Structure formats: structure tokens, C-alpha cells
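In case you want the letters, here they are:
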Amino acid sequence: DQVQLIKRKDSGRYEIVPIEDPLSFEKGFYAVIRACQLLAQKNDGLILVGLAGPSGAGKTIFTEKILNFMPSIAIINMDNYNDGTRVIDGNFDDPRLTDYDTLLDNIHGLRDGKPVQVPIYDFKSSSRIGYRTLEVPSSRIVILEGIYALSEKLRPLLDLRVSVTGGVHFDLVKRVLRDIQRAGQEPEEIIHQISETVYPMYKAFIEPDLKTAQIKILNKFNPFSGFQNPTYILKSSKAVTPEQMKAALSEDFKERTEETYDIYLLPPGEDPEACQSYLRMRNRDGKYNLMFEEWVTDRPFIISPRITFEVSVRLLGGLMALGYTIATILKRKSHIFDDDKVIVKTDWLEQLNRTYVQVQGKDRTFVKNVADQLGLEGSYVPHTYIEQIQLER
């Protein structure tokens with residue numbers, strides 16, 4: 001866990017000695033920071049670091065923790081370089097989406113001290129809406145975050161190669177194992193087969209690049225952390241109009257609309273309409289998210305950690321190949337007001353032909369008073385949407 005520098009023979013720049021031992025999320029967080037400090041004191045110019053790893057391993061939350069510790073750094077999200085015309089699919093896992101011509105030009109300009117126009121990608125329209133002007137930051141540290149941030153095209157230009165593995169990405173594999181394990185099976189062999197089925201590109205395209213990392217971080221998923229800081233939800237049957245919400249709420253509440261489609265999956269086996277731990281596949285604005293449905297009911301609140309990570313549609317096929325079955329499909333249209341801390345929204349679900357008001361946020365006191373500000377007392381429904389259709393059979 002001691003960061004040490006060694007001159008790379010291909011140039012005069014120094015490099016981090018590889019740390020073969022995998023490192024914790026907290027320990028790796030400090031190892032990366034101290035490595036950048038030593039690299040900045042011994043090499044001139046841009047300090048470019050590639051943060052690679054699968055979706056859900058925790059590379060996104062890793063970047064935003066470094067940003068909060070050091071606002072002087074800049075984060076470049078490699079998915080903003082996507083070009084949808086290159087593939088006929090819509091899988092974000094695809095390594096053929098990235099426009100390496102724009103990416104390599106941007107980093108070469110930043111190395112020469114020039115500001116560059118880094119693209120901005122909208123997944124809803126699957127197109128490049130525009131560009132943003134990125135200058136070399138004060139700390140001259142730039143983090144390139146993406147699944148293939150350690151690709152062969154980028155490794156020569158990277159100063160530090162960091163990989164993140166595990167997280168909810170691996171926890172799903174263990175969750176599937178809990179659901180489908182049979183007696184006499186060697187658990188590690190099944191885990192390997194689950195990963196091949198549910199993550200059909202990890203072993204081939206993603207993992208080999210991760211092995212070249214100099215700081216290997218293994219984020220162990222904590223089941224108890226989600227309930228420490230969960231999401232508190234109040235659902236109402238009242239008819240609070242979006243016009244009423246706009247006036248009642250502060251001008252800090254941004255207004256937006258969206259359409260979502262949720263696929264509820266049941267584990268294989270015989271759950272007699274009870275003991276049912278659903279897996280939810282959510283489609284929203286060109287992205288698929290897999291959600292764990294772990295709910296508690298403190299009337300009138302319904303509480304859940306809302307653990308989710310981005311997945312491909314291929315994951316749905318893999319889960320069904322492993323015995324998971326589709327219980328129902330819920331299509332809704334929503335009008336959302338977001339304080340960036342508290343969300344007030346109205347959802348219309350086709351299957352119920354009903355409109356409900358939802359106030360959600362991580363601060364329980366904020367959620368309750370905002371619902372009280374809208375006069376929602378006496379109209380609360382302390383049930384999940386999937387539970388409501390079950391109740392209304």
C-alpha cells in the first residue's frame with residue numbers, strides 16, 4: 001500500500017510501481033490520491049489517470065469522492081464519447097461505441113496545455129448534443145472514467161492505471177447464487193458460470209484490461225450501508241396538480257418529464273405469492289437499470305436503499321436463462337420536480353389507470369414536511385406499486 005515511483009524506460013516520466021495486492025475502497029482511495037501527489041511532483045505536464053471497471057463496481061462513486069476531496073481535479077466521463085451510429089445495438093457495454101479520434105485528440109491537446117472541446121452525449125436521443133470547454137485544471141489531474149479506460153489505445157498515454165472491481169456488480173452474482181444454488185455444486189464454479197451468463201463480455205473484453213492496472217481496488221459491497229442512508233418515500237392518492245406543485249415548491253425545484261418501463265422478475269423456484277424478492281429492470285431515457293427490491297414499511301413511509309446499477313438488455317436474457325421469470329410489466333408516465341435533494345412527482349400507471357403523488361428523498365424530515373406543505377395528510381398509501389396491483393386483484 002506504499003506508493004513508490006519508477007522511471008518508465010520509454011520516456012523520462014516516472015510511474016507508479018504496480019501494487020499486485022488488491023486494495024480496499026477506502027485504502028485504494030488514499031493510495032490513488034497519494035500516487036497523484038507523487039506523480040505531480042516528479043513529472044511535468046498533464047497527469048492523466050484511467051479509472052476502469054465494470055458498471056456497478058463503484059468507479060462512479062469513487063470519482064465523486066475524489067472530486068469532493070479535491071475540487072481542483074477534473075473528471076472526464078468516457079461514455080460522453082459514444083457514437084451510436086457505429087453499432088446497431090444500444091448496449092452501453094459495447095467497446096465499439098467510443099470515438100477514439102475525439103478522445104485521443106482531447107488528451108493530446110490537454111497534454112500540450114491547450115483547452116479542448118470534450119463532447120457531451122445524451123443517452124435519451126443517442127446522439128452528441130454538443131460540446132463543453134475543458135481546460136487543464138488547477139491540480140492538472142484529469143480522471144478518465146469508463147469501462148474501457150485501460151484500453152490498449154489509452155494505456156501509453158495514461159500516467160496511472162486504476163481498476164475497480166466488485167461492488168453491486170459482483171453482489172448480483174452472489175444474489176443469483178443464493179437463488180439457484182443446488183446441492184453438491186462447487187460454489188466457485190457456479191459463480192464463474194453465473195458471471196459468464198449474466199455478464200457475457202466481462203471475461204473477454206473488460207477483465208484483461210483491468211489486470212494491467214497499477215492500483216487494483218476491490219470494493220466489497222456492504223448490505224447494511226444502504227439501510228443506514230436509505231430513501232424515504234411518501235405516496236399519496238391526492239390530486240395535487242403539477243401546476244399546484246410549481247407554485248408551492250421553491251424555484252430551486254427543476255421541472256422535467258419522463259416515461260419509464262419496469263420489468264419485475266421473480267427468482268426461480270416456488271414462492272407462493274409470498275417471500276418474493278423481486279428484481280426490477282427499469283428502462284428510462286435510453287438506459288437499463290437493475291434494481292434490488294428491498295422494502296420496509298414504517299407507516300406512512302415506505303423505505304428502501306434503492307440499490308441500482310446500469311445493465312444491458314442482455315442481462316435480462318441471462319437472468320431468464322437462469323430461471324428468473326417475468327412477473328409483470330409496469331409502464332408509467334411521470335412529471336417530476338427535483339430540488340436535487342428532494343423529489344416531488346406525479347406518476348400515472350397504465351395498469352391501474354390511476355394517478356399518484358410521490359415525495360421522495362434521503363432526508364426523512366424533509367420528505368415529511370414537503371408532503372405536509374402539499375396537504376398530503378390523510379391520503380398516504382404505504383405500499384409499493386407492485387404491491388398495489390397485488391392488492392387490487
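Residues numbered from 1 in each chain as written, not as in the entry; some residues may be left out. Heavy atoms only, no water. Residues with missing side-chain atoms left out of burial classes, pairs and counts.

Looking at the PDB entry, one finds the protein chain named Inorganic pyrophosphatase TTM1, with Arabidopsis thaliana as its source organism. We quote the UniProt Function comment for the protein chain here in full: "Exhibits pyrophosphatase activity with stronger affinity for pyrophosphate (PPi), moderate affinity for ATP and ADP, and weak affinity for tripolyphosphate (PPPi). No activity observed toward uridine substrate. Positively regulates natural and dark-induced leaf senescence." Here is the UniProt Subcellular location comment for the protein chain, exactly as written: "Mitochondrion outer membrane". (UniProt positions renumbered as here; feature names shortened; annotations may be inferred.)

Participant: Can you help me understand the overall build of the protein chain in this one?
Facilitator: When helices and strands are tallied, the protein chain shows 11 helices and 20 strands. Relative to the 2.2 N^0.38 estimate, which gives 21 Å for 393 residues, the radius of gyration of the protein chain is 23 Å and therefore close to what a compact globule would have. For the protein chain, restricting intrachain contacts to residue pairs at least 6 apart in sequence, the fraction spanning at least 24 positions comes to 68%. (Helix = DSSP H or I, 4+ residues; strand = E, 2+ residues; numbered from the N terminus. Rg over C-alpha atoms; globule rule 2.2 N^0.38 Å. Contact = heavy atoms within 4.5 Å.)

Participant: I'm lost on a nonpolar patch on the surface in this one. Help?
Facilitator: Taken together, the side chains of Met 320, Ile 326 and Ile 329 make up a nonpolar region of the molecular surface, amounting to roughly 230 Å² of accessible area. The residue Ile 326 is located in strand β18 (residues 325-338) in this model. Overall, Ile 326 belongs to the partly exposed group, its relative accessible area being 37%. (Patch = residues over 30% accessible without salt bridge, like charges linked within 9 Å, V, L, I, M, F, W, Y side chains within 5 Å. Areas by Shrake-Rupley, 256 points an atom, 1.4 Å probe, with all protein chains shown as cover. Salt bridge = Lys/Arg side-chain N within 4 Å of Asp/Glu carboxyl O. Buried < 20%, exposed > 50% of the residue type's maximum accessible area, 1.4 Å probe, protein only.)

Participant: Would you explain the UniProt feature "domain: CYTH" in the protein chain in this entry?
Facilitator: UniProt records the feature "domain: CYTH" at residues 229-391, using the numbering of this structure. Secondary structure across residues 229-391 comprises 20% helix and 44% strand; the distance between its end C-alpha atoms is 29 Å.

Participant: Sorry, what's going on with helix α4 (residues 167-180) here?
Facilitator: What sets the pattern is the α-helix's 3.6 residues per turn: residues three or four places apart point alike. For α4, with 14 residues, the first-to-last C-alpha span of 20 Å sits near the 20 Å given by 1.5 Å per residue. Counting buried positions along α4 gives 10 out of 14 residues, so the element sits mostly inside the fold. When α4 is considered as a whole, its buried residues turn out to be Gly 167, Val 168, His 169, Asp 171, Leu 172, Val 173, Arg 175, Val 176, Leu 177 and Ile 180. (Expected span 1.5 Å × (residues − 1).)

Participant: Mind showing me how you'd approach the sheet that holds strand β4 (residues 47-52) here?
Facilitator: Within a sheet, adjacent strands bond to each other through the backbone by hydrogen bonds, running parallel or antiparallel. As summarised here, the arrangement of the 6 strands in space is β3-β10-β9-β4-β8-β5, forming an open sheet in which the pairing is parallel. Looking at which strands have only one partner, the edges of the open sheet turn out to be β3 (19-23) and β5 (74-77). With strand direction ignored, the average angle separating the axes of adjacent strands in the sheet is 20°. Of the pairings in the sheet, the one linking β5 to strand β8 (residues 141-145) comprises 4 bridges and is parallel in character. Considered in β8, the bridge of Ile 75 is made with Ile 143. (Pairing = 2+ DSSP bridges. Axes fitted to C-alpha atoms, helices over the stretch in contact; angles between N-to-C directions.)

Participant: Where do I start with the packing of α4 against helix α5 (residues 187-198) in this structure?
Facilitator: The description of two helices packed together rests on the angle between their axes and the distance between the axes. At a minimum axis distance of 10 Å, the contact between α4 and α5 shows a crossing angle of 115°. Crossing of α4 against α5: the hand is right-handed. Contacts from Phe 170, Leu 172, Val 173, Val 176, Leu 177 and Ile 180 of α4 reach α5 at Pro 187, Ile 190, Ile 191, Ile 194, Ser 195 and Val 198. Class assignment of the residues belonging to the contact of α4 with α5 gives a composition of 11 nonpolar, 1 polar and no charged. (Left-handed = near helix turned anticlockwise from the far one by under 90°. Nonpolar A, V, L, I, M, F, W, Y, C, P; charged D, E, K, R; others polar.)

Participant: It is not clear to me how the nonpolar core should be interpreted in this structure. Could you clarify?
Facilitator: Proteins that are soluble and globular tend to have nonpolar side chains buried together. In terms of nonpolar packing, the biggest core is built from 52 residues, with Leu 172 and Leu 315 touching the most fellow members. Looking at which element gives the most residues to this core, the answer is α4, with 6 residues. Counting residues in hydrophobic clusters, the runner-up holds 27 residues, among them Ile 33, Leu 51, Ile 141 and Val 164. (Core = buried A, V, L, I, M, F, W, Y, C linked by side-chain atoms within 4.5 Å.)

Participant: How should the sheet that holds strand β13 (residues 279-284) be read in this particular structure?
Facilitator: The antiparallel open sheet is built from 10 strands, whose spatial order is β15-β16-β11-β20-β19-β18-β12-β13-β14-β17. Every other strand in the sheet has two partners, leaving β15 (296-298) and β17 (308-311) as the edge strands with one partner each. Direction aside, the axes of adjacent strands within the sheet are offset by 30° on average. In this sheet, β18 lies alongside strand β12 (residues 254-266) in antiparallel orientation, the contact comprising 13 bridges. Bridged to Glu 255 within β18 is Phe 337. Along the sheet, helix α9 (residues 313-321) contacts β12, β13, β14 (288-292), β17 and β18; its crossing angle with β13, the most-contacted strand, is approximately 155°.

Participant: Teacher, can you tell me more about the side chain of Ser 163 here?
Facilitator: Here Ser 163 shows up in strand β9 (residues 160-166). Not counting residues up to four positions away in its chain, the partners in contact with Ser 163 are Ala 52, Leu 210, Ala 213, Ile 215, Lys 216 and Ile 217.

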